[PDB]
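The chain below stands alone and is given in structure tokens; this is the form deposited in one PDB entry.
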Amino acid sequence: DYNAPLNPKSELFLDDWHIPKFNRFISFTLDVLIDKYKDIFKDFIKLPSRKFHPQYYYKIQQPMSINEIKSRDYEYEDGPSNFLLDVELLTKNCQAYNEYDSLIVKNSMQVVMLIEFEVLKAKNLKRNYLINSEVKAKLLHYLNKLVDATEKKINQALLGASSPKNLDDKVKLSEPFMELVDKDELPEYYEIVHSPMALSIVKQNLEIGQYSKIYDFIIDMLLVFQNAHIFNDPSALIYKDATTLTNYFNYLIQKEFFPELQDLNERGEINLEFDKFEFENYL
């Protein structure tokens, strides 16, 4: 299903955004990623050869490669959506053709993730503020709110009066996401998940000033939850909790944090500044 976003409720699909000179952005960004993550991108740069892949071209209705994406025009109204759907091909096609558990499939998921992270950053230039002292303090409160969240609290927030009854209000859903799994007990985790991240590490990065801009923090938080979707089967409970936590994080950022910054900004109680270094490097 080409038209079905992997995440139909992602801001990448809901918001009416366009990046100026998008074609230039695409080729720039994809080349950076190819160079940075050579081993995982290498299998997705070119289409599989027609001579040797007959069942692939039987099975797969819309073949896609990074080279094909780089050759296409996306500078028109539905361009952002068509680009993202073409990118998602890279994992949809791979999942259609290969075993779901396979390294190539897990790699396809990480390709798409890394690309969509770069788009989310670029889409949000207008609000990608420098993490100064005030923004840091606010992000720390929202991170703590996420870490302390229980199933009852998250459902109250996301569903309101429609929340299921008697949901647990003790266990923090964040628990298995706090620390990286031990590399000696689970070596395969590190063979599969190429960019490991855990919430204790993100919090420490934020506390000490390692994140320059808001989306630097947001992407490492999303990486935590998305890595759980790469390593685990969708039927796993931890997969479900990663979805729940992602959704809650999105709610906190969009419905609480950003509106709070705007309210404080209007009242003259916060300074919102940028570091625009490389903001339009693609140009």
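Definition used throughout: the rigid core is the maximal C-alpha set that superposes within 1.5 Å between two forms. Just count from 1 along the sequence shown to find any residue number.
Stretches 257-265 and 12-20 differ in mean CA B factor, with 257-265 having the higher one. Between 198-206 and 100-108, it is 100-108 that carries the larger average Cα temperature factor according to the deposited entry. In the PDB entry, the Cα temperature factor peaks, among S174, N144, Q156, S133, at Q156. Set against one another, the Cα B-factors of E118, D86, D168, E179 in the record reach their highest point at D168. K183: CA B factor lies in the highest third for its chain, per the PDB record. Ranked by Cα temperature factor within the chain, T29 sits in the middle third according to the deposited record. For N227, the recorded CA B-factor ranks within the lowest third of the chain. Only modelled residues enter the ranking. Ranked by C-alpha B-factor against the other modelled residues of its chain, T91 falls in the middle third. When the modelled residues of the chain are ordered by their C-alpha B factor, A161 lands in the highest third.
Just so you know, the form deposited in another entry exists too; it's not on screen, but the next bit is about it.
In the core-aligned comparison between the shown form and the other one, the C-alpha of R50 is the only one from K42, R50, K255, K36 that shifts by 2 Å or more.
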